[PDB]
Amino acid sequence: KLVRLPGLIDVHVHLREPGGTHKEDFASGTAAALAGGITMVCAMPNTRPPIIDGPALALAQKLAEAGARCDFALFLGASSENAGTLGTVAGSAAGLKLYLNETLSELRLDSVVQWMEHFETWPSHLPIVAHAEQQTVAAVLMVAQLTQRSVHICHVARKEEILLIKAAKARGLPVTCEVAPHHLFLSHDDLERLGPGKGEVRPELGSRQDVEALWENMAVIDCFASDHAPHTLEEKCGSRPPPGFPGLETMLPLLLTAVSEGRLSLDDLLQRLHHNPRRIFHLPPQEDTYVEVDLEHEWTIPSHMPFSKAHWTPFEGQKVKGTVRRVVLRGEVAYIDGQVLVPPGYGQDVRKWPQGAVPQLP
């Protein structure tokens, strides 16, 4: 007996196109999404070239429309040069992404004043998300308060961070956050097995106490999101390993296993992979869209999942219970039992749908 879920949303994926298509492209990354029970993705802007201006966004929009197999929105990226220049295209993006710690030279901000400038100039009704670790979480919260608006904190990974966000929510501040599966299901205990190359990710893997704090404080977590960050094994195992794990194909099986064990409820899962992504990012419903999962099937995660071009996974060897059997996307069978059945280009930019525009005062 299968369970019907709504179309799940992953608000944090790196699909590498343009410029890193050996790691992933729209077609392969959205195949991975569908196989993971995800029907809508929000793609991050740290591509090559990065999505930091209108021409780059225009290119990325067309590449996605031609390659995506599920629906999508594209983030814009903040740079040291683009504050005050994005107003005409801002509403066409998923939101604005700030990279406040390590990142590409093009997305590096060297001063909190530049963060300020972005919070002041980006349209106040549109989402802002920040990669902000440890004290950077408190710093960007301060900037959000000074500019009187909300912020969403990406991939919270530490006890310190979730407790700071908890304290901010207790003071009524408009902050939301997401957590990625590797920060719920992997820890320092796994670094022996992974090694120092494969184990590289930002935010880094936490201690057992970090992991336990995130579970303890599930009420504080608004969204789950993969931070799908595909890199090839050659890159992960080489001399300058880039941070990041692939995660689209493993996220839902890992979380269904947790539901099975009573660690969170099905509703808790659906708030975090459907309702809260919708409401934080103003993402539209998808008509005639659903995912059928089998909650009894026990399997072991292999050395690589079928679809991501990353061709490896840090969850190799973990035993899971739960599998995606079928995905229907806008009335068409998109995935069944290991086969993706919609072509590249079936997916659409949800920000172009009438119901996908963010409401604003005239």
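When you see a residue number, it is the position in the sequence shown, counting from 1.
K.L.:
Tell me which stretch has the larger mean Cα B-factor in this entry, 192-200 or 68-76.
P.N.:
Averaging CA B-factors over each stretch, the winner is 192-200.
K.L.:
When the C-alpha temperature factors are averaged for each of 134-142 and 256-264, which stretch ends up with the higher value in the entry?
P.N.:
According to the PDB entry, the answer is 256-264.
K.L.:
Among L163, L104, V179, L283, single out the one with the highest C-alpha B factor in the record, please.
P.N.:
Answer, based on the entry's C-alpha B-factors: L104.
K.L.:
For the listed residues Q148, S239, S226, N276, which one has the largest C-alpha B-factor as given in the deposited model?
P.N.:
Each of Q148, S239, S226, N276 was compared by C-alpha B-factor; the highest is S239.
K.L.:
Report the third (lowest, middle or highest) to which the CA temperature factor of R108 belongs, ranking only the modelled residues of the same chain.
P.N.:
Ranked within chain, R108 CA B lands in the highest tercile.
K.L.:
How does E117 rank on Cα B-factor within its chain, lowest, middle or highest third?
P.N.:
Ranked within chain, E117 CA B lands in the lowest tercile.
K.L.:
What third of the chain, by the recorded C-alpha B-factor, contains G322?
P.N.:
According to the entry, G322 has a C-alpha B-factor in the chain's highest third.
K.L.:
Going by the CA temperature factor in the PDB record, which third of the chain does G87 belong to: lowest, middle or highest?
P.N.:
As the PDB entry reports it, the C-alpha B-factor of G87 lands in the highest third of its chain.
K.L.:
Taking the entry's C-alpha B-factors for this chain, is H22 in the lowest, middle or highest third?
P.N.:
As the PDB entry reports it, the C-alpha B-factor of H22 lands in the highest third of its chain.
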